Ligand SMILES: [Mg+2]
Ligand SMILES: [Mg+2]
């Protein structure tokens, strides 16, 4: 009955999106529009300079060739899926999307692209690689919840599932995004001709990971549910910025 | 005296970043780490699957080959620039970065990557293609302001400059991000073999563009300054989401 646009950032060949597709197919109409390769770190990137080609597999799965997760959802909703989906579900990602990492997340971005549909979009990420079935079960519960009663406020739900058997999941926590210290590591590596190439290093250590953060919930064995929005305004900085400008005389003659 | 990491998303061959480099060089030490091509829509994407090669031009400008604006700033701060920069400036972009478009913006993303440095990073975008000198002048004023007195709160400043002679700029407004209606257009286009390719269409119409939004300030001929943060949490949705979960019985047996 429910029309689900299913995407991810790991690609069409990810167990995560496959497991979830099979699970969601049990009770809903599902359509897989996904990248052709691992587009981790793709964030909210989208293809503007080129048009997009859509490669279909035997099972019906639509890849978008060179496509970003945002491209996939954009095409899914406006072009490919008829009738238009009720919800976008993104995942299950192999790996967590927590804290300030969510801005870099293609999984999150796919969900953010579905923010205007009738149901809040779900980004679903597993804190590891083992228990997709656990994350599938959590995803299905939320969808079951959405069918029972619509979520009035909150247009995106960032969901992170501990890499545990479902029996060991302690429950669900409504959380806020934590944050890390700045990532400072670059990993240099020479090419055969001696030229120095650079790899982006690991993330910074956790900084803001308290009582109520997505980090802490997951570390404790709870599902973290964070409502997300696309408004990047640091609203609490408004007055400080205004007073600063006046104090330094920028934008005023006096 | 001031150490500036200068990046963009238009590329090394953009007049925008060139104009600003020459202008900033008048009073500060500037280093251009930028993409090799037009990476508009690159958002906060970053290269994880590959290491990165850095192409230097005669004038000193460092391109990062296949590099995203985030890659450029990441490498700039942690690897390339010694001593470490005091600030990241990103722009001047050819085109506005306003409203909910900022999540897709490589220009903004480059600035967000510099959020941990001693000075708030600046993303600078021109509402058109003509008056880079105007945007350069606004950028220099803000930097002049920062040298006079440090900005206590707000780690990123999204700056949008009307495409006007400086004399016609009305002043500066501290704004919040506006928003648009959902973008719904896809532009189909056949390839020589008859296959249908899809272009991402134009943005949706402005929805939230009032008294205090970045959209309205720019339309009125003011510089818009929006403090941005990387926290995507829709904080006001917290209680609604929690009550919803309990009501539908997800995460509770009862
Ligand atoms: Mg991934
Ligand atoms: Mg651009």
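Need one number: % antiparallel among DSSP beta bridges in region A:113-220, to the nearest 5. Intermediate values should be presented prior to the final figure.
Numbers: 7 of 15 bridges.
Of all bridge pairs located within region A:113-220, approximately 45 percent are antiparallel.
Taking residue A:197 in one copy and the same position in all the others, each labelled 7 Å out along Cα→Cβ, what are the pairwise distances from the first, in nm, shortest first?
Those separations, rounded to one decimal, come out as 2.8 nm.
State, in angstrom, two size descriptors of region B:94-200 derived from its alpha carbons: Rg to one decimal place and Dmax to the nearest whole number.
17.9, 62
So what are the three principal axis dimensions of chain B from its Cα atoms, in whole Å, longest to shortest?
Per principal axis, max minus min of the Cα coordinates gives 65, 56, 39 Å.
Under the definition of Cα pairs under 8 Å and six or more residues apart, what whole-number percent is the relative contact order of region A:103-171? Intermediate results must be reported in sequence, preceding the final value.
Numbers: 76 pairs, mean separation 28.6, N = 69.
It rounds to 41 percent for region A:103-171.
Which one, B:226, B:196, B:107, has the greatest fluctuation when you compute a Gaussian network model over chain B with C-alpha springs under 10 angstrom?
B:196
How far is residue A:129 from itself in the other copies, in nm, if each label sits 7 Å out from Cα along the Cα-Cβ line, shortest first?
4.7
Quick one: A:56, A:213, fewest Cβ neighbours within 10 Å first, how do they rank?
Values: A:56 9, A:213 23.
So the residues, fewest neighbours to most, are A:56, A:213.
For chain A, what's the relative contact order in percent, using C-alpha pairs closer than 8 Å and at least 6 residues apart?
Numbers: 560 pairs, mean separation 41.9, N = 254.
Computed over chain A, the figure is 17 percent.
What shape does region B:1-150 have by the C-alpha gyration tensor, where a ≥ b ≥ c are the square roots of the eigenvalues, rounded means a/c under 1.5, and otherwise prolate means a/b greater than b/c and oblate the rest? Each step should come with its number before you reach the end.
Working: a/c = 1.37, a/b = 1.14, b/c = 1.19.
Note, shape of region B:1-150 comes out rounded.
Starting from the Cα coordinates of the protein assembly as shown, work out the convex hull volume and express it per residue in Å³.
That works out to 156 Å³ per residue.
7 Å along Cα→Cβ for the label point: how many nanometres lie between residue A:59 and each equivalent label in the other copies, listed shortest first?
Output for residue A:59: 5.1 nm, nearest copy listed first.
I need the Debye-formula profile for region B:97-139: one equal scatterer per C-alpha, no solvent, reported as log10 I(q)/I(0) at q = 0.15, 0.17, 0.25 1/Å, two decimals.
Relative scattering, expressed as log10 I(q)/I(0), comes to -0.42, -0.54, -0.95.
Among B:66, B:112, which comes first, second and so on when ranked by fewest other beta-carbon atoms within 10 Å? Provide the component values of the computation, followed by the final result.
Values: B:66 14, B:112 28.
Ranked by crowding around the Cβ, least crowded first: B:66, B:112.
Which percent, nearest 5, of DSSP beta bridges in the protein assembly as shown are antiparallel?
Here the share of antiparallel DSSP bridges comes out near 40 percent.
Per-residue Cβ counts within 10 Å, from other chains only, averaged over B:99-106: what number is that? Spell out each step's value before the answer.
Details: counts 3, 6, 1, 5, 10, 9, 2, 2.
That average works out to 5.
Taking the Cα centroid of region A:56-133 and of region A:234-254, what is the distance between the two, rounded to the nearest whole Å?
Centre-to-centre (Cα) distance: 39 Å.
Of all beta bridges DSSP finds with both residues in chain A, what is the antiparallel percent, to the nearest 5? Intermediate values should be presented prior to the final figure.
Working: 16 of 44 bridges.
Restricted to chain A, the bridges split so that about 35 percent are antiparallel.
Would you calculate a helix-derived [θ] at 222 nm for the protein assembly as shown, using -39,500 (n - 2.57) for each DSSP H run of n ≥ 4 and dividing by the full residue count, to the nearest 500?
Here the helix-only value at 222 nm equals -7000 deg cm²/dmol.
Taking the beta-carbon count within 10 Å as an exposure proxy, list B:224, A:45 from fewest neighbours to most.
Values: B:224 29, A:45 25.
So the ranking, lowest neighbour count to highest, is A:45, B:224.
None of the figures in this text is laboratory data; all of them are computed from the coordinates on show. Because the Cβ atoms are built from the backbone with ideal geometry, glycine has one as well, and the counts that use them run over all protein chains shown.
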